[PDB]
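Chemist: Provided herewith: target.txt, compact mmCIF, C-alpha atoms.
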```
# COMPACT_ATOMS: atom_id res chain seq x y z
CA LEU I 11 115.40 88.47 125.18
CA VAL I 12 112.86 91.18 126.24
CA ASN I 13 111.71 91.85 129.86
CA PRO I 14 107.93 92.37 130.50
CA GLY I 15 107.07 95.95 129.39
CA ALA I 16 110.09 96.18 127.01
CA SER I 17 109.83 97.45 123.39
CA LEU I 18 110.74 94.99 120.56
CA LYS I 19 111.32 95.94 116.86
CA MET I 20 111.23 93.27 114.08
CA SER I 21 112.27 93.95 110.43
CA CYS I 22 112.04 91.59 107.39
CA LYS I 23 113.03 92.21 103.71
CA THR I 24 111.50 90.27 100.75
CA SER I 25 114.25 88.40 98.82
CA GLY I 26 114.13 87.87 95.02
CA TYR I 27 111.03 90.12 94.84
CA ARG I 28 111.19 93.95 94.59
CA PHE I 29 108.11 95.56 96.27
CA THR I 30 105.22 95.03 93.74
CA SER I 31 102.75 94.21 96.58
CA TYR I 32 99.85 96.37 97.88
CA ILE I 33 99.76 94.81 101.41
CA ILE I 34 102.25 93.49 104.07
CA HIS I 35 101.15 91.29 107.02
CA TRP I 36 102.17 90.41 110.63
CA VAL I 37 101.13 87.09 112.29
CA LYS I 38 101.62 85.93 115.93
CA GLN I 39 101.56 82.15 116.56
CA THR I 40 102.33 80.61 120.00
CA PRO I 41 103.71 77.01 119.75
CA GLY I 42 100.80 74.50 119.83
CA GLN I 43 98.32 77.20 118.66
CA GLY I 44 97.08 78.38 115.21
CA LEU I 45 98.39 81.52 113.41
CA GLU I 46 96.72 84.82 114.50
CA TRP I 47 96.67 87.91 112.19
CA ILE I 48 98.10 91.14 113.74
CA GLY I 49 98.33 94.06 111.27
CA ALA I 50 98.34 95.02 107.56
CA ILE I 51 100.64 97.70 105.99
CA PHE I 52 100.16 99.74 102.74
CA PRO I 53 103.20 100.86 100.62
CA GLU I 54 101.90 104.44 99.97
CA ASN I 55 99.55 105.97 102.60
CA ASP I 56 100.16 103.93 105.79
CA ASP I 57 97.45 101.24 106.26
CA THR I 58 97.85 101.71 110.07
CA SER I 59 95.70 98.53 110.36
CA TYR I 60 95.78 96.69 113.75
CA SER I 61 93.78 93.69 115.09
CA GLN I 62 91.45 94.59 118.03
CA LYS I 63 93.29 92.07 120.29
CA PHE I 64 96.71 93.63 119.43
CA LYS I 65 95.42 97.26 119.23
CA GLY I 66 97.49 99.71 121.34
CA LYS I 67 100.42 97.23 121.59
CA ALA I 68 101.47 97.16 117.90
CA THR I 69 102.75 100.05 115.70
CA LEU I 70 103.40 99.66 111.93
CA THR I 71 106.05 101.75 110.07
CA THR I 72 107.17 101.21 106.43
CA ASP I 73 110.22 102.87 104.78
CA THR I 74 110.51 102.57 100.96
CA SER I 75 114.31 103.21 100.98
CA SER I 76 114.86 100.57 103.73
CA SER I 77 112.62 98.09 101.78
CA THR I 78 111.86 96.35 105.13
CA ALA I 79 108.58 96.45 107.14
CA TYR I 80 108.88 97.52 110.83
CA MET I 81 106.69 96.28 113.75
CA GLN I 82 107.01 97.76 117.29
CA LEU I 83 105.75 95.64 120.25
CA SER I 84 105.07 97.22 123.69
CA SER I 85 103.91 95.97 127.16
CA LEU I 86 105.42 92.50 126.43
CA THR I 87 104.19 89.63 128.69
CA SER I 88 104.90 85.87 129.15
CA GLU I 89 101.75 85.15 127.06
CA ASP I 90 103.09 87.62 124.41
CA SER I 91 106.25 85.54 123.75
CA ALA I 92 105.58 83.63 120.48
CA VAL I 93 107.01 83.18 116.94
CA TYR I 94 106.00 86.26 114.84
CA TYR I 95 106.06 85.86 111.01
CA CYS I 96 106.59 88.68 108.45
CA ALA I 97 104.18 88.20 105.51
CA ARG I 98 102.65 90.17 102.58
CA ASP I 99 99.63 90.00 100.18
CA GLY I 100 99.41 90.68 96.41
CA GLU I 101 96.90 88.82 94.22
CA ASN I 102 97.53 85.57 96.17
CA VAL I 103 101.05 84.59 97.37
CA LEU I 104 104.29 85.31 95.42
CA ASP I 105 107.09 84.26 97.86
CA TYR I 106 105.75 87.08 100.09
CA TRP I 107 104.83 85.16 103.30
CA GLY I 108 108.32 85.05 104.90
CA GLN I 109 109.63 83.06 107.91
CA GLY I 110 109.23 83.78 111.65
CA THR I 111 111.38 84.93 114.62
CA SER I 112 110.97 83.28 118.08
CA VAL I 113 110.40 85.74 120.99
CA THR I 114 111.32 84.93 124.64
CA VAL I 115 110.06 87.24 127.45
CA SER I 116 111.75 86.99 130.90
CA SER I 117 113.30 89.30 133.57
CA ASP H 364 101.50 133.25 64.54
CA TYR H 365 103.63 131.41 67.09
CA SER H 366 106.32 134.13 67.07
CA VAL H 367 104.52 136.68 69.26
CA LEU H 368 103.77 134.03 71.91
CA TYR H 369 107.47 133.32 72.59
CA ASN H 370 108.92 136.77 73.40
CA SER H 371 105.81 138.08 75.19
CA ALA H 372 107.66 138.09 78.56
CA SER H 373 104.63 136.58 80.31
CA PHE H 374 105.59 132.92 80.84
CA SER H 375 107.86 131.18 83.34
CA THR H 376 108.95 128.06 81.43
CA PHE H 377 108.80 127.24 77.73
CA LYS H 378 110.24 123.86 76.70
CA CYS H 379 109.67 122.32 73.27
CA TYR H 380 110.18 118.63 72.45
CA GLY H 381 110.95 117.47 68.92
CA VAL H 382 109.71 120.57 67.12
CA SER H 383 112.08 123.49 67.58
CA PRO H 384 110.63 126.71 69.07
CA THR H 385 112.05 128.70 66.12
CA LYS H 386 110.73 126.50 63.28
CA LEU H 387 106.99 126.21 63.99
CA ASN H 388 106.41 129.83 62.92
CA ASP H 389 106.37 128.94 59.20
CA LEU H 390 105.42 125.25 59.58
CA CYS H 391 101.93 124.04 58.73
CA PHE H 392 99.96 121.92 61.19
CA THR H 393 96.83 119.84 60.67
CA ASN H 394 95.17 119.84 64.11
CA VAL H 395 96.39 121.92 67.06
CA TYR H 396 95.14 121.03 70.54
CA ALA H 397 95.66 122.57 73.98
CA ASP H 398 95.37 120.79 77.34
CA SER H 399 95.09 123.51 79.99
CA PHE H 400 95.45 122.37 83.60
CA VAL H 401 96.98 123.47 86.90
CA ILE H 402 99.24 121.25 89.01
CA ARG H 403 101.74 121.61 91.86
CA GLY H 404 105.36 122.76 91.69
CA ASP H 405 107.13 119.40 91.89
CA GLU H 406 104.81 117.93 89.24
CA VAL H 407 106.14 120.29 86.54
CA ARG H 408 109.24 118.16 85.89
CA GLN H 409 107.08 115.04 85.47
CA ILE H 410 105.39 116.48 82.36
CA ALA H 411 107.90 115.18 79.81
CA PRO H 412 107.87 112.47 77.11
CA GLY H 413 109.35 109.53 78.99
CA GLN H 414 108.59 110.00 82.71
CA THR H 415 106.66 107.95 85.26
CA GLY H 416 105.15 108.25 88.71
CA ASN H 417 101.72 108.65 90.27
CA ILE H 418 100.59 111.74 88.31
CA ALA H 419 102.00 111.22 84.81
CA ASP H 420 100.77 107.59 84.77
CA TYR H 421 97.27 107.63 86.29
CA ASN H 422 96.08 111.18 85.54
CA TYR H 423 97.69 112.63 82.39
CA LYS H 424 99.65 109.98 80.48
CA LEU H 425 102.32 111.22 78.06
CA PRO H 426 103.54 109.26 75.01
CA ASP H 427 107.13 108.17 74.54
CA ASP H 428 107.74 110.71 71.76
CA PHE H 429 106.36 114.26 71.71
CA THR H 430 106.54 116.74 68.83
CA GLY H 431 105.37 119.90 70.58
CA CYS H 432 105.96 122.51 73.28
CA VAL H 433 105.08 122.68 76.98
CA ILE H 434 103.75 126.05 78.15
CA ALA H 435 103.69 126.64 81.91
CA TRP H 436 103.69 129.84 83.98
CA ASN H 437 103.07 130.90 87.58
CA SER H 438 99.95 132.54 89.02
CA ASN H 439 100.15 132.39 92.89
CA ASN H 440 97.73 135.39 92.81
CA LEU H 441 94.35 136.25 91.15
CA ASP H 442 93.88 132.56 92.26
CA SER H 443 94.74 130.20 95.22
CA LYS H 444 93.91 130.75 98.96
CA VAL H 445 95.59 131.26 102.36
CA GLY H 446 95.48 128.31 104.74
CA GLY H 447 94.92 125.58 102.15
CA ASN H 448 93.31 125.00 98.75
CA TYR H 449 89.87 123.36 98.79
CA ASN H 450 88.70 123.85 95.20
CA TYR H 451 90.46 121.43 92.84
CA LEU H 452 91.32 117.74 93.21
CA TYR H 453 93.66 115.24 91.59
CA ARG H 454 93.80 111.46 91.33
CA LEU H 455 96.60 109.76 93.27
CA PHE H 456 96.38 105.97 92.85
CA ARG H 457 94.52 103.85 90.30
CA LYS H 458 94.13 100.10 89.94
CA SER H 459 94.59 100.25 86.14
CA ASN H 460 96.82 102.21 83.79
CA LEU H 461 95.72 104.63 81.06
CA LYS H 462 96.78 104.96 77.44
CA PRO H 463 98.29 108.26 76.26
CA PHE H 464 95.82 110.96 75.21
CA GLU H 465 92.93 109.66 77.31
CA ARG H 466 90.70 111.34 79.90
CA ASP H 467 89.38 109.50 82.96
CA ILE H 468 86.24 111.03 84.48
CA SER H 469 85.21 107.99 86.55
CA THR H 470 85.11 108.54 90.32
CA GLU H 471 86.19 105.01 91.19
CA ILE H 472 87.70 103.81 94.47
CA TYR H 473 91.25 102.45 94.53
CA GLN H 474 91.43 98.84 95.75
CA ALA H 475 94.73 98.35 97.59
CA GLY H 476 93.97 94.98 99.19
CA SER H 477 91.86 92.03 98.09
CA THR H 478 88.56 93.26 99.55
CA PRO H 479 86.01 94.66 97.06
CA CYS H 480 85.74 98.44 97.36
CA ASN H 481 83.68 100.86 95.24
CA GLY H 482 81.09 102.13 97.71
CA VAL H 483 82.22 100.57 101.00
CA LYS H 484 85.37 101.83 102.70
CA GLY H 485 87.14 101.46 106.04
CA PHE H 486 90.10 99.22 105.22
CA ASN H 487 92.12 98.82 102.00
CA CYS H 488 89.68 101.25 100.29
CA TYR H 489 91.20 104.74 100.23
CA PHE H 490 89.98 107.85 98.42
CA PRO H 491 92.13 108.46 95.31
CA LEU H 492 91.16 112.10 94.71
CA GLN H 493 93.42 114.24 96.90
CA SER H 494 93.38 117.97 97.64
CA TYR H 495 96.06 120.47 96.65
CA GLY H 496 97.94 122.89 98.88
CA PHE H 497 98.23 126.18 96.98
CA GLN H 498 99.39 128.56 99.71
CA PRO H 499 101.22 131.85 99.00
CA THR H 500 103.21 131.53 102.25
CA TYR H 501 105.15 128.41 101.21
CA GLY H 502 108.20 128.09 98.94
CA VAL H 503 108.52 127.59 95.20
CA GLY H 504 107.60 123.90 94.87
CA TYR H 505 104.20 124.51 96.50
CA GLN H 506 102.89 127.15 94.06
CA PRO H 507 100.20 126.54 91.42
CA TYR H 508 101.58 126.30 87.88
CA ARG H 509 99.14 126.38 84.96
CA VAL H 510 100.56 123.91 82.43
CA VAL H 511 99.08 124.18 78.92
CA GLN X 1 84.70 90.06 113.97
CA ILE X 2 83.47 86.74 112.49
CA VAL X 3 85.34 83.87 114.25
CA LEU X 4 85.72 80.76 112.01
CA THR X 5 85.26 77.21 113.43
CA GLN X 6 87.35 74.39 111.82
CA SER X 7 87.00 70.64 112.61
CA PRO X 8 88.05 67.97 113.38
CA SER X 9 90.98 68.35 115.84
CA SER X 10 92.87 65.45 114.16
CA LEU X 11 92.96 63.84 110.66
CA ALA X 12 94.22 60.24 110.25
CA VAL X 13 94.96 59.54 106.53
CA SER X 14 96.82 56.59 104.88
CA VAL X 15 99.26 57.16 101.95
CA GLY X 16 97.36 57.38 98.62
CA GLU X 17 94.00 57.96 100.41
CA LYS X 18 91.58 60.83 99.55
CA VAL X 19 90.62 62.99 102.60
CA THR X 20 88.08 65.86 103.08
CA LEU X 21 88.53 68.67 105.69
CA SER X 22 85.81 71.33 106.23
CA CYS X 23 85.96 74.84 107.83
CA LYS X 24 82.67 76.61 108.75
CA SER X 25 82.32 80.44 108.85
CA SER X 26 79.68 82.15 111.07
CA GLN X 27 78.75 84.57 108.22
CA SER X 28 78.75 83.87 104.43
CA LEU X 29 82.11 84.89 102.88
CA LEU X 30 80.58 85.51 99.41
CA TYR X 31 80.73 89.17 98.22
CA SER X 32 77.34 90.14 96.68
CA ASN X 33 78.82 92.26 93.83
CA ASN X 34 81.10 89.52 92.38
CA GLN X 35 78.97 86.56 93.68
CA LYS X 36 82.31 84.84 94.54
CA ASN X 37 83.17 83.01 97.82
CA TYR X 38 86.31 84.40 99.58
CA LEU X 39 88.55 82.04 101.64
CA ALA X 40 92.22 80.88 101.82
CA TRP X 41 93.61 77.39 102.70
CA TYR X 42 97.06 77.22 104.39
CA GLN X 43 99.66 74.43 104.87
CA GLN X 44 101.82 74.58 108.05
CA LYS X 45 104.71 72.04 108.06
CA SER X 46 106.95 72.09 111.19
CA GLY X 47 109.75 74.72 111.02
CA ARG X 48 108.25 76.16 107.79
CA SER X 49 106.75 79.57 106.80
CA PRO X 50 102.90 79.62 106.53
CA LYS X 51 102.13 78.76 102.87
CA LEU X 52 98.95 79.40 100.79
CA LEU X 53 97.69 76.22 99.02
CA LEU X 54 94.31 77.41 97.61
CA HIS X 55 92.95 80.96 97.02
CA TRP X 56 89.28 82.10 96.59
CA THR X 57 88.54 78.32 96.86
CA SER X 58 88.20 78.38 93.02
CA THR X 59 91.84 78.84 91.89
CA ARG X 60 94.80 76.47 92.62
CA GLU X 61 98.19 78.07 93.52
CA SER X 62 100.94 78.04 90.83
CA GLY X 63 103.09 74.85 90.99
CA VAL X 64 100.44 73.11 93.17
CA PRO X 65 99.29 69.48 92.43
CA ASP X 66 95.70 68.86 91.17
CA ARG X 67 95.40 66.39 94.11
CA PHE X 68 94.67 69.42 96.36
CA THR X 69 91.14 70.53 95.26
CA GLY X 70 88.81 72.80 97.31
CA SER X 71 85.07 73.50 96.83
CA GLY X 72 83.24 75.96 99.13
CA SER X 73 79.57 77.09 99.03
CA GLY X 74 78.29 79.97 101.23
CA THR X 75 79.30 79.57 104.92
CA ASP X 76 80.62 75.98 104.47
CA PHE X 77 84.10 75.58 102.87
CA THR X 78 85.59 72.13 102.03
CA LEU X 79 89.18 71.18 100.98
CA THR X 80 89.84 67.67 99.55
CA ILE X 81 93.37 66.14 99.29
CA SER X 82 94.17 62.84 97.47
CA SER X 83 97.31 60.61 97.35
CA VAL X 84 98.49 62.07 100.72
CA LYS X 85 102.29 61.74 101.32
CA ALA X 86 104.61 62.14 104.37
CA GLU X 87 105.86 65.51 102.98
CA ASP X 88 102.18 66.62 102.57
CA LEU X 89 101.30 66.20 106.30
CA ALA X 90 100.87 69.72 107.79
CA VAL X 91 98.45 71.86 109.88
CA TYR X 92 95.61 73.06 107.57
CA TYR X 93 93.93 76.44 108.19
CA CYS X 94 91.02 78.48 106.72
CA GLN X 95 91.59 82.27 106.48
CA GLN X 96 88.58 84.56 105.82
CA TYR X 97 89.22 86.80 102.76
CA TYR X 98 85.76 88.48 102.70
CA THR X 99 86.23 91.50 105.08
CA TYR X 100 88.44 93.14 107.76
CA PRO X 101 89.24 92.27 110.45
CA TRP X 102 90.94 89.17 108.95
CA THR X 103 90.23 86.03 111.06
CA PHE X 104 92.35 82.85 110.85
CA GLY X 105 89.73 80.12 111.37
CA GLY X 106 92.11 77.48 109.80
CA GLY X 107 92.86 74.48 112.29
CA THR X 108 93.49 70.80 111.28
CA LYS X 109 96.65 68.72 111.97
CA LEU X 110 97.35 65.97 109.36
CA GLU X 111 98.79 62.60 110.53
CA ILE X 112 99.59 59.26 108.80
CA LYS X 113 97.85 56.06 110.02
```
In structure tokens, write the structure found in this file.
Modeler:
Amino acid sequence: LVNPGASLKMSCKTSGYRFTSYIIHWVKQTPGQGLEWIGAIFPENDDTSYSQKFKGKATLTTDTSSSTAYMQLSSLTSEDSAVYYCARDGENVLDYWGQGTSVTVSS
Amino acid sequence: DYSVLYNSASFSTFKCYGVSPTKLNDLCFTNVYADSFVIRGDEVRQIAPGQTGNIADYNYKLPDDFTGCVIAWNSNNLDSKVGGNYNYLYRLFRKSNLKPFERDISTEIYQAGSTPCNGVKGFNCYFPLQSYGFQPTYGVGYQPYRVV
Amino acid sequence: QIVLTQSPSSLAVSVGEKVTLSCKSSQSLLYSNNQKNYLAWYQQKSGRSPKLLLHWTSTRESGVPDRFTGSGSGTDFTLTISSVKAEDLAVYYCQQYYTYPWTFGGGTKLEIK
């Protein structure tokens, strides 16, 4: 539960697979709408990649010791509430596109 | 004569693998080579038969067994600069590995993602050759060490 | 910022019936150096993680039935499924793989008539 303008942090860890991927991905899908790409993360130098629509609202941080990708969401709105899915990208898919967490935004 | 090059009191470190440093004085050798290069301070421990990382795997690959010595000293003067070193470079990432005793002189672009690089950059196409940081005002791990 | 257009809105397919779904890209997703089309096909069952079915439009995913076959030339990309089953029904999407920014132009619900 996040009020409009609140900051939300989401973390996911790959299970059964130990790193071995050169990209990580974030997707926002509202129910009844198609998946929309947000940002891509790089294991070494930070990719710092953001979609133009989500630019300035999304921050990407990766910690090797934590082994979990971090996404920070700011200026949340009723339209913003959606299911966000942690994902990755190696050659194709290797159990890297994980599940999603529902977000509800209300005062 | 490898006896006068051991007690010369002009080297910082002198580690020998396999061959003892007191037995090569009277031992015959077929071919003797020397790979002279300068690295950072933290990269000195990586030069060993059996290590891994981003420098000992993509730049200078070392075999599993080594029958020789590792000569490395400190300069930090007569060379280097104040405020940053902008003279030498070193490869960081590489899409493919390298066999031991092999030199890579190709200025390729590392492909992190699935988009084709080599020429076009902007996203998932970073520059592998990085710059050093030889500054005499830092500590010990940031000094240039010439490893031969 | 190439948006991808995918049609139709709905697909009515009987069990054991071949179906063809096509996604059109505004710009060709073939890289000149490799001369290879870039695109990804995704399956989206309800309450399930997004899953890649076909990659590059030339290579099937590991542990994926030969019934799912995709052929794409230039801007036009086509995915053909055969012997459709109740488990198979899902939303189908086309993801551009050619260049950043990534655009999800996928978009086709699958239903059983």
Chemist: Measuring between all atoms listed in the file, which one of H:507, H:416, H:496, H:476 shows the shortest distance to chain I?
Modeler: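 Nearest to chain I: H:476.
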Chemist: From (110.6, 106.5, 81.4), in the file's coordinates, out to 12 Å: which residues are reached, counting only C-alpha atoms? Answer as a list in words.
Modeler: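 These residues have at least one counted atom within 12 Å: residues 409, 410, 411, 412, 413, 414, 415, 416, 419, 420, 424, 425, 426, 427 and 428 of chain H.
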Chemist: What is the distance between atom CA of residue 91 of chain X and atom CA of residue 41 of chain X, in Å to one decimal?
Modeler: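 Between these atoms lies a distance of 10.3 Å.
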Chemist: Identify which of the residues H:494, H:384, H:483, H:402 lies closest to residue 437 of chain H, counting only C-alpha atoms when measuring atom-to-atom distances.
Modeler: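 Checking each candidate against residue 437 of chain H, we get H:402 as the closest.
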Chemist: Can you find the residues with an atom no farther than 12 Å from (112.8, 95.4, 93.5), counting only C-alpha atoms, and report them as number ranges by chain?
Modeler: I: 23-31, 74-78
Chemist: Counting all atoms listed in the file, which residue out of X:50, X:107, X:8, X:16 sits closest to residue 86 of chain X?
Modeler: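 For residue 86 of chain X, the nearest of the candidates is X:16.
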Chemist: Let me make sure I understand: among H:432, H:418, H:367, H:407, which one has the smallest atom-to-atom distance to residue 503 of chain H if we use only C-alpha atoms?
Modeler: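 Nearest candidate to residue 503 of chain H out of H:432, H:418, H:367, H:407: H:407.
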Chemist: Using only C-alpha atoms, I'd like a table of the residues in chain H that come within 12 Å of chain I; for each, show the closest atom pair and its distance in Å rounded to one decimal, ordered by chain and ascending number, as a Markdown table.
Modeler:
```
| residue | atom | partner | partner_atom | distance |
| --- | --- | --- | --- | --- |
| H:417 | CA | I:54 | CA | 10.6 |
| H:455 | CA | I:54 | CA | 10.1 |
| H:456 | CA | I:54 | CA | 9.1 |
| H:457 | CA | I:32 | CA | 11.9 |
| H:458 | CA | I:32 | CA | 10.5 |
| H:473 | CA | I:32 | CA | 11.1 |
| H:474 | CA | I:32 | CA | 9.0 |
| H:475 | CA | I:32 | CA | 5.5 |
| H:476 | CA | I:32 | CA | 6.2 |
| H:477 | CA | I:101 | CA | 7.1 |
| H:478 | CA | I:101 | CA | 10.8 |
| H:485 | CA | I:59 | CA | 10.0 |
| H:486 | CA | I:59 | CA | 7.6 |
| H:487 | CA | I:57 | CA | 7.2 |
| H:488 | CA | I:57 | CA | 9.8 |
| H:489 | CA | I:55 | CA | 8.8 |
| H:490 | CA | I:55 | CA | 10.6 |
| H:491 | CA | I:55 | CA | 10.7 |
| H:493 | CA | I:55 | CA | 11.8 |
```
Chemist: Tell me the residues of chain X close to chain I, meaning within 7 Å using only C-alpha atoms, as an NGL selection string.
Modeler: :X and (49-52 or 55 or 101-104 or 107)
Chemist: Quick check: residues of chain X within 12 Å of chain H, all atoms listed in the file, returned as a list in words.
Modeler: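 Result, ordered by chain then number: residues 29, 30, 31, 32, 33, 34, 35, 36, 37, 38, 39, 40, 55, 56, 96, 97, 98, 99, 100, 101 and 102 of chain X.
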Chemist: In Å to one decimal, how far is atom CA of residue 431 of chain H from atom CA of residue 397 of chain H?
Modeler: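 These atoms are spaced 10.6 Å apart.
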Chemist: Name the closest residue to residue 377 of chain H among the candidates H:505, H:452, H:511, H:439; distances are taken between atoms, counting all atoms listed in the file.
Modeler: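 Closest residue, counting all atoms listed in the file: H:511.
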Chemist: Can you save segment 25-37 of chain I of the given block to a file, including N, CA, C and O atoms and formatted as a PDB file, in the first residue's frame?
Modeler:
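Everything below was put into result_8.pdb:
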```
ATOM      1  N   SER I  25      16.185 -18.040  -8.578  1.00  0.00           N
ATOM      2  CA  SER I  25      16.264 -19.275  -7.756  1.00  0.00           C
ATOM      3  C   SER I  25      16.676 -20.467  -8.626  1.00  0.00           C
ATOM      4  O   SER I  25      16.040 -20.676  -9.677  1.00  0.00           O
ATOM      5  N   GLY I  26      17.699 -21.213  -8.195  1.00  0.00           N
ATOM      6  CA  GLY I  26      18.200 -22.349  -8.991  1.00  0.00           C
ATOM      7  C   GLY I  26      19.282 -21.905  -9.960  1.00  0.00           C
ATOM      8  O   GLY I  26      20.033 -22.770 -10.447  1.00  0.00           O
ATOM      9  N   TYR I  27      19.349 -20.600 -10.241  1.00  0.00           N
ATOM     10  CA  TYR I  27      20.373 -20.060 -11.174  1.00  0.00           C
ATOM     11  C   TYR I  27      21.251 -19.043 -10.440  1.00  0.00           C
ATOM     12  O   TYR I  27      20.707 -18.163  -9.752  1.00  0.00           O
ATOM     13  N   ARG I  28      22.572 -19.158 -10.595  1.00  0.00           N
ATOM     14  CA  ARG I  28      23.507 -18.241  -9.895  1.00  0.00           C
ATOM     15  C   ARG I  28      24.058 -17.221 -10.892  1.00  0.00           C
ATOM     16  O   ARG I  28      24.803 -17.644 -11.800  1.00  0.00           O
ATOM     17  N   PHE I  29      23.609 -15.963 -10.813  1.00  0.00           N
ATOM     18  CA  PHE I  29      24.032 -14.913 -11.783  1.00  0.00           C
ATOM     19  C   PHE I  29      24.091 -15.487 -13.205  1.00  0.00           C
ATOM     20  O   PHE I  29      23.043 -15.957 -13.695  1.00  0.00           O
ATOM     21  N   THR I  30      25.261 -15.414 -13.855  1.00  0.00           N
ATOM     22  CA  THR I  30      25.456 -15.964 -15.231  1.00  0.00           C
ATOM     23  C   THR I  30      24.475 -15.318 -16.220  1.00  0.00           C
ATOM     24  O   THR I  30      24.006 -16.025 -17.134  1.00  0.00           O
ATOM     25  N   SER I  31      24.158 -14.032 -16.041  1.00  0.00           N
ATOM     26  CA  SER I  31      23.304 -13.318 -17.029  1.00  0.00           C
ATOM     27  C   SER I  31      23.841 -11.896 -17.206  1.00  0.00           C
ATOM     28  O   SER I  31      24.203 -11.279 -16.189  1.00  0.00           O
ATOM     29  N   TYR I  32      23.881 -11.396 -18.444  1.00  0.00           N
ATOM     30  CA  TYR I  32      24.469 -10.052 -18.682  1.00  0.00           C
ATOM     31  C   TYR I  32      23.395  -8.957 -18.642  1.00  0.00           C
ATOM     32  O   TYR I  32      23.763  -7.786 -18.763  1.00  0.00           O
ATOM     33  N   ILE I  33      22.114  -9.306 -18.503  1.00  0.00           N
ATOM     34  CA  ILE I  33      21.090  -8.224 -18.358  1.00  0.00           C
ATOM     35  C   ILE I  33      20.031  -8.626 -17.324  1.00  0.00           C
ATOM     36  O   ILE I  33      19.947  -9.829 -17.013  1.00  0.00           O
ATOM     37  N   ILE I  34      19.321  -7.650 -16.747  1.00  0.00           N
ATOM     38  CA  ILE I  34      18.186  -7.923 -15.812  1.00  0.00           C
ATOM     39  C   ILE I  34      17.074  -6.994 -16.307  1.00  0.00           C
ATOM     40  O   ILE I  34      17.428  -5.944 -16.842  1.00  0.00           O
ATOM     41  N   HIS I  35      15.793  -7.351 -16.167  1.00  0.00           N
ATOM     42  CA  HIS I  35      14.749  -6.472 -16.767  1.00  0.00           C
ATOM     43  C   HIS I  35      13.613  -6.140 -15.795  1.00  0.00           C
ATOM     44  O   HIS I  35      13.399  -6.915 -14.847  1.00  0.00           O
ATOM     45  N   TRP I  36      12.922  -5.021 -16.028  1.00  0.00           N
ATOM     46  CA  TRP I  36      11.749  -4.652 -15.190  1.00  0.00           C
ATOM     47  C   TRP I  36      10.568  -4.376 -16.127  1.00  0.00           C
ATOM     48  O   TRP I  36      10.783  -3.682 -17.133  1.00  0.00           O
ATOM     49  N   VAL I  37       9.398  -4.955 -15.846  1.00  0.00           N
ATOM     50  CA  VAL I  37       8.225  -4.795 -16.758  1.00  0.00           C
ATOM     51  C   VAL I  37       7.013  -4.324 -15.949  1.00  0.00           C
ATOM     52  O   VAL I  37       6.768  -4.901 -14.881  1.00  0.00           O
TER      53      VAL I  37
END
```
